[PDB]
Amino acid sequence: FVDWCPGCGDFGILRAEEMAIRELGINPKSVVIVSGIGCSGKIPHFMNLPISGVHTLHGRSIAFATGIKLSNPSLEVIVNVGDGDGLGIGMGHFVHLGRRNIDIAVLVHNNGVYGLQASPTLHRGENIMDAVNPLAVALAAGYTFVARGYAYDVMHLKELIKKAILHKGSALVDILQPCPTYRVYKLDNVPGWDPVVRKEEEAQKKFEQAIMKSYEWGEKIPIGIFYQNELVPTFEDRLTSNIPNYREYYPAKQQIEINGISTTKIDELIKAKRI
């Protein structure tokens, strides 16, 4: 039973995520959606493709996703987290993924509350605490793709989510999404707007632009991509410098046993300790 309230917002994200996976032609079997605790958390349980779901602890999705991805980089790993979930209980993990730049897309369901009390993205007043700009945190954390979407413009979202999965690195999509129980615009429509970094010397300029666009909010509320830089080695690129065949023979793929006997040789390890 799809048990969210009528009105929600979460229906639009589900719909747009589903469409992103389909139109990419990614084999769904190889898609793991890793989601947090909250009403946002239920999501993969309600999809209509043979994707896999990992419904994790509150704020801990990114850490699970990390293990999954690094162990089997041929899986396509997507994190869906509520705003109480990431940003609240998971802020540290949220920042650190940014420094690693692992090939993962993270989707934050910004409803403004703990649906299932005030969340980290509720403005002061209206609540004793201030709100945080997820996009500015993500930028300073080192995320190599930062975007804002909006849950009602489904067709735009679908395409954000697509560019976010194709991004070679860590991607955030902060998604605006009303909670019924507890004017916008698009950077695709701006003639200047090139958020893509295409050579290294260009990087600071684009970063500085993203971070200032990300603060704009005087009901001239942008959406789309704020920053994108594929020149940053991924975490998987750095693993490959230490483990030459990581891509061809990653941990999930290796044969560790034949007829119940270890295939792993430690003779040289032991030899190095001889008297």
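Start at 1 with the first residue shown and count on from there.
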Query raised in the report: Should the segment between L116 and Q117 be described as having none, 1 to 3, 4 to 9, or 10 or more unmodelled residues of the deposited sequence?
Result: 1 to 3
Query raised in the report: From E126 to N127, how many deposited residues does the entry skip: none, 1 to 3, 4 to 9, or 10 or more?
Result: 4 to 9
Query raised in the report: Mean CA B-factor: is it higher for 128 to 136 or for 74 to 82?
Result: 128 to 136
Report task. Could you check the entry and say whether 147 to 155 or 168 to 176 has the higher mean CA B-factor? Result -> 147 to 155
Report task. Kindly indicate the residue among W217, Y249, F226, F64 with the greatest C-alpha B-factor in the PDB record. Result -> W217
Report summary line: Among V31, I243, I43, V232, the highest C-alpha B-factor in the PDB entry belongs to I43
Query raised in the report: Which third of the chain holds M212 when residues are ordered by C-alpha B factor: lowest, middle or highest?
Result: middle
Requested in this report: Give the position of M47 by CA B-factor within its chain, expressed as the lowest, middle or highest third.
Outcome: highest
Query raised in the report: If you rank every modelled residue in this chain by C-alpha B factor, which third holds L14: lowest, middle or highest?
Result: highest
**Report entry** Third assignment of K163 from its chain's C-alpha B-factors
**Finding:** middle
Report summary line: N101: CA temperature factor from the record, placed by chain third, in the lowest
